[PDB]
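Below is one structure, written out as structure tokens, with a few remarks after it.
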Amino acid sequence: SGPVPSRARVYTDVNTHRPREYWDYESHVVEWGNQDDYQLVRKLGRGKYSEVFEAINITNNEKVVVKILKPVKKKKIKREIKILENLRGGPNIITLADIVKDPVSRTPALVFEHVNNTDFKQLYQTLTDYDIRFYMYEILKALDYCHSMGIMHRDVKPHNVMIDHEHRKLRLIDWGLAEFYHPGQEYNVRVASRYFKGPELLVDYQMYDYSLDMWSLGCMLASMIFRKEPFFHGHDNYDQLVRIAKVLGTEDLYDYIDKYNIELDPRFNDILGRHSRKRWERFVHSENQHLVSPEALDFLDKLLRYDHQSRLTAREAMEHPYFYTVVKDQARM
Ligand SMILES: Brc1ccc(Br)c2[nH]nnc12
Ligand SMILES: Brc1ccc(Br)c2[nH]nnc12
Ligand SMILES: [Cl-]
Ligand code: NA
């Protein structure tokens with residue numbers, strides 16, 4: 001028999017209740033602007049799918065970020081545009097300002113309202129306890145928002161969090177792997193960066209949901225409170241599940257496999273072995289103990305579960321005692 005079907009615990013049917021045109025990005029008609037409205041100033045970065053530049057809008061002299069898309073399926077480009085348009089104005093979501101083509105090359109580009117190219121990866125191994133809680137809460141605002149809008153990011157990692165530490169402002173960027181959640185849809189498991197991949201991706205369980213982002217968030221949290229980058233340090237996608245199994249234990253892994261009737265790749269048969277579930281105290285030492293509290297460990301434990309349905313939702317996470325002082329200070333301000 002096949003894998004047991006799965007549904008999101010929250011925001012299950014939000015796209016069903018929308019007009020077709022909200023989520024049917026293949027049918028979306030883009031009005032392409034003129035990249036000659038922008039002059040590129042300098043290169044910020046370069047991923048697999050894009051080169052990113054600081055630029056000037058010559059019309060209003062405003063600084064913007066231009067993301068030149070490396071050639072790719074028209075389908076992926078419409079998906080990213082539609083998701084960015086749907087989420088525009090959401091808390092801690094990057095703002096799409098324009099969609100343009102170079103008049104000569106006809107290469108498509110996305111124009112975003114300016115953010116500094118200071119990613120969380122550059123800052124997140126040097127934060128105070130309070131600032132980890134503060135920025136984690138800001139990321140949760142973006143995730144609860146996109147999940148509530150029927151979208152999963154699928155590439156949550158420190159590089160995709162841009163932070164202005166001076167102004168205590170955060171933006172979740174790079175929506176190029178994001179998808180719409182539809183109940184019963186089987187998704188591509190070749191998403192996310194190795195160290196942040198949820199167990200569903202690693203065992204090829206395709207009927208996943210928003211909870212994938214909550215695993216990635218747990219990987220980030222573990223890295224930061226333990227000063228261990230990355231927390232799960234696999235050599236490849238097979239060894240990645242072994243690194244998880246040595247922490248979360250094999251009993252819960254095989255119970256998860258059984259629960260969803262997952263057909264485990266035979267490569268796993270000799271490498272997973274037999275491992276106890278480790279107490280988090282095992283990762284605490286003199287250099288990180290100031291970042292680790294009962295609150296932090298209780299919260300982390302409820303993000304890093306094999307069973308995607310078990311993980312906290314973004315809103316449940318925001319309700320956790322770990323954030324009580326952040327929530328109190330926000331109200332005060
Ligand atoms: Br690097 C970098 C900086 C700002 C934005 Br907005 C980005 N989007 N993708 N990569 C980005
Ligand atoms: Br990095 C970064 C993040 C969020 C905001 Br809002 C920013 N404004 N300038 N630079 C920013
Ligand atoms: Cl990263
Ligand atoms: Na401590």
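As shown in the structure tokens, the chain order sets the letters A, B, ...; within each chain, residues go from 1, and ligands are also counted from 1 in the order they appear.
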Expected selection as a PyMOL selection string for ligand 3 within 9 Å, only C-alpha atoms and all ligand atoms: chain A and resi 119-121+156-161+193+195-196+220+230
Kindly export the residues of the current selection with N, CA and C atoms, as an mmCIF file, in the first residue's frame.
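And here is the file that came out, result.cif:
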data_model
loop_
_atom_site.group_PDB
_atom_site.id
_atom_site.type_symbol
_atom_site.label_atom_id
_atom_site.label_comp_id
_atom_site.auth_asym_id
_atom_site.auth_seq_id
_atom_site.Cartn_x
_atom_site.Cartn_y
_atom_site.Cartn_z
ATOM 1 N N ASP A 119 22.817 39.557 6.460
ATOM 2 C CA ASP A 119 21.954 38.379 6.727
ATOM 3 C C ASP A 119 22.174 37.930 8.172
ATOM 4 N N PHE A 120 21.229 37.150 8.668
ATOM 5 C CA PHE A 120 21.169 36.662 10.056
ATOM 6 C C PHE A 120 22.388 35.776 10.315
ATOM 7 N N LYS A 121 22.906 35.118 9.274
ATOM 8 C CA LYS A 121 24.022 34.145 9.408
ATOM 9 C C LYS A 121 25.252 34.888 9.949
ATOM 10 N N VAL A 156 13.651 28.288 4.650
ATOM 11 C CA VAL A 156 13.972 29.054 5.872
ATOM 12 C C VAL A 156 15.389 28.645 6.293
ATOM 13 N N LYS A 157 16.268 29.630 6.335
ATOM 14 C CA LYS A 157 17.667 29.426 6.776
ATOM 15 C C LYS A 157 18.219 30.812 7.048
ATOM 16 N N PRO A 158 19.322 30.904 7.809
ATOM 17 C CA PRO A 158 19.857 32.198 8.211
ATOM 18 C C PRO A 158 20.155 33.174 7.071
ATOM 19 N N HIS A 159 20.644 32.682 5.938
ATOM 20 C CA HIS A 159 20.973 33.550 4.781
ATOM 21 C C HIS A 159 19.704 34.256 4.294
ATOM 22 N N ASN A 160 18.529 33.636 4.450
ATOM 23 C CA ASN A 160 17.267 34.180 3.893
ATOM 24 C C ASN A 160 16.567 35.053 4.918
ATOM 25 N N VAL A 161 17.255 35.424 5.979
ATOM 26 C CA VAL A 161 16.744 36.402 6.969
ATOM 27 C C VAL A 161 17.688 37.602 6.943
ATOM 28 N N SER A 193 17.984 23.839 1.913
ATOM 29 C CA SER A 193 19.428 23.541 1.996
ATOM 30 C C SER A 193 19.600 22.364 2.952
ATOM 31 N N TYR A 195 21.184 21.299 5.589
ATOM 32 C CA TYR A 195 21.217 21.291 7.069
ATOM 33 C C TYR A 195 19.847 21.649 7.639
ATOM 34 N N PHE A 196 18.965 22.213 6.820
ATOM 35 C CA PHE A 196 17.637 22.698 7.271
ATOM 36 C C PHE A 196 16.503 21.802 6.759
ATOM 37 N N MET A 220 17.612 26.410 12.999
ATOM 38 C CA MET A 220 18.217 27.748 13.226
ATOM 39 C C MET A 220 18.345 28.010 14.727
ATOM 40 N N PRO A 230 26.479 23.952 11.366
ATOM 41 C CA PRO A 230 25.041 23.809 11.630
ATOM 42 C C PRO A 230 24.819 22.855 12.799
#
Could you list, with a cut-off of 12 Å and counting only C-alpha atoms and all ligand atoms, the residues of chain A near ligand 2, each shown with its nearest atom pair and the distance in Å rounded to one decimal, rows sorted by chain and ascending number, as a tab-separated table?
residue	atom	partner	partner_atom_place_in_ligand_line	distance
A:44	CA	ligand 2	1 (Br)	11.8
A:54	CA	ligand 2	10 (N)	11.7
A:63	CA	ligand 2	9 (N)	10.1
A:64	CA	ligand 2	9 (N)	10.1
A:65	CA	ligand 2	10 (N)	10.6
A:89	CA	ligand 2	6 (Br)	11.7
A:91	CA	ligand 2	6 (Br)	10.2
A:92	CA	ligand 2	4 (C)	7.5
A:93	CA	ligand 2	4 (C)	9.2
A:94	CA	ligand 2	4 (C)	8.3
A:95	CA	ligand 2	6 (Br)	9.8
A:112	CA	ligand 2	8 (N)	11.3
A:113	CA	ligand 2	8 (N)	8.6
A:114	CA	ligand 2	9 (N)	6.0
A:115	CA	ligand 2	10 (N)	3.6
A:116	CA	ligand 2	1 (Br)	3.7
A:117	CA	ligand 2	1 (Br)	5.6
A:118	CA	ligand 2	1 (Br)	5.1
A:119	CA	ligand 2	1 (Br)	6.7
A:120	CA	ligand 2	1 (Br)	8.8
A:121	CA	ligand 2	1 (Br)	11.8
A:122	CA	ligand 2	1 (Br)	11.2
A:123	CA	ligand 2	1 (Br)	11.1
A:135	CA	ligand 2	3 (C)	11.2
A:138	CA	ligand 2	4 (C)	10.7
A:139	CA	ligand 2	4 (C)	11.5
A:159	CA	ligand 2	1 (Br)	11.2
A:160	CA	ligand 2	1 (Br)	10.7
A:161	CA	ligand 2	3 (C)	8.1
A:162	CA	ligand 2	1 (Br)	4.5
A:163	CA	ligand 2	1 (Br)	4.1
A:164	CA	ligand 2	2 (C)	4.0
A:165	CA	ligand 2	1 (Br)	7.6
A:166	CA	ligand 2	11 (C)	9.2
A:167	CA	ligand 2	5 (C)	7.7
A:168	CA	ligand 2	4 (C)	7.8
A:169	CA	ligand 2	4 (C)	4.4
A:170	CA	ligand 2	4 (C)	4.3
A:171	CA	ligand 2	4 (C)	5.0
A:172	CA	ligand 2	3 (C)	8.6
A:173	CA	ligand 2	3 (C)	9.7
Residues within 8 Å of ligand 4, counting only C-alpha atoms and all ligand atoms, as an MDAnalysis selection string: chainID A and resid 288:294
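The list of residues with at least one atom within 7 Å of residue 205 (chain A), based on only C-alpha atoms and without residues fewer than 4 positions apart in the same chain, reads residues 200, 201 and 262 of chain A.
Across A:280, A:306, A:175, A:25, the tightest approach to ligand 1 is made by A:175 when counting only C-alpha atoms and all ligand atoms.
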Test item: residues at most 10 Å from residue 204 (chain A), only C-alpha atoms, excluding those fewer than 2 positions along its chain, as a PyMOL selection string: chain A and resi 187-190+199-202+206-208+262-265
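Picture a line from CA of residue 234 (chain A) to CA of residue 299 (chain A); it runs 23.4 Å.
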Backbone DSSP call of alpha helix (DSSP H) for region 49-284 of chain A, listed as a ChimeraX atom specification: /A:74-87,120-123,129-148,199-202,211-226,237-248,250-259
Picked from region 144-273 of chain A by DSSP as strand (DSSP E), as a VMD selection string: chain A and resid 151 to 152 161 to 164 169 to 172 179 to 180
Proximity to ligand 1 - best of A:144, A:80, A:24, A:13, only C-alpha atoms and all ligand atoms: A:80
Selected residue, from A:258, A:296, A:19, A:243, that lies nearest to residue 278 (chain A) when counting only C-alpha atoms: A:243
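Each of A:71, A:45, A:218, A:108 was checked against ligand 1 using only C-alpha atoms and all ligand atoms; the smallest atom-to-atom distance is that of A:45.
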Coordinates-based distance that separates CA of residue 186 (chain A) from atom 5 (C, counted along the ligand's line) of ligand 1 (Å, one decimal): 29.2 Å
Gap from atom 1 (Br, counted along the ligand's line) of ligand 1 to CA of residue 40 (chain A) - Å, one decimal: 14.2 Å
Can you pull out the residues contacting region 236-238 of chain A? Cut-off 8 Å, using only C-alpha atoms, and skip same-chain residues under 5 positions away; I want them as a PDB file with C-alpha atoms, in the first residue's frame.
ATOM      1  CA  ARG A 194      20.804  20.239   3.396  1.00  0.00           C
ATOM      2  CA  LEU A 202      14.954  13.172   3.693  1.00  0.00           C
ATOM      3  CA  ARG A 267      20.483   3.101   1.477  1.00  0.00           C
ATOM      4  CA  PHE A 268      19.175   3.921   5.039  1.00  0.00           C
TER       5      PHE A 268
END
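Within the 8 Å cut-off around residue 153 (chain A), using only C-alpha atoms and omitting residues fewer than 4 positions from it on the same chain, the listed residues are residues 143, 146, 175, 177, 178, 179, 210 and 213 of chain A.
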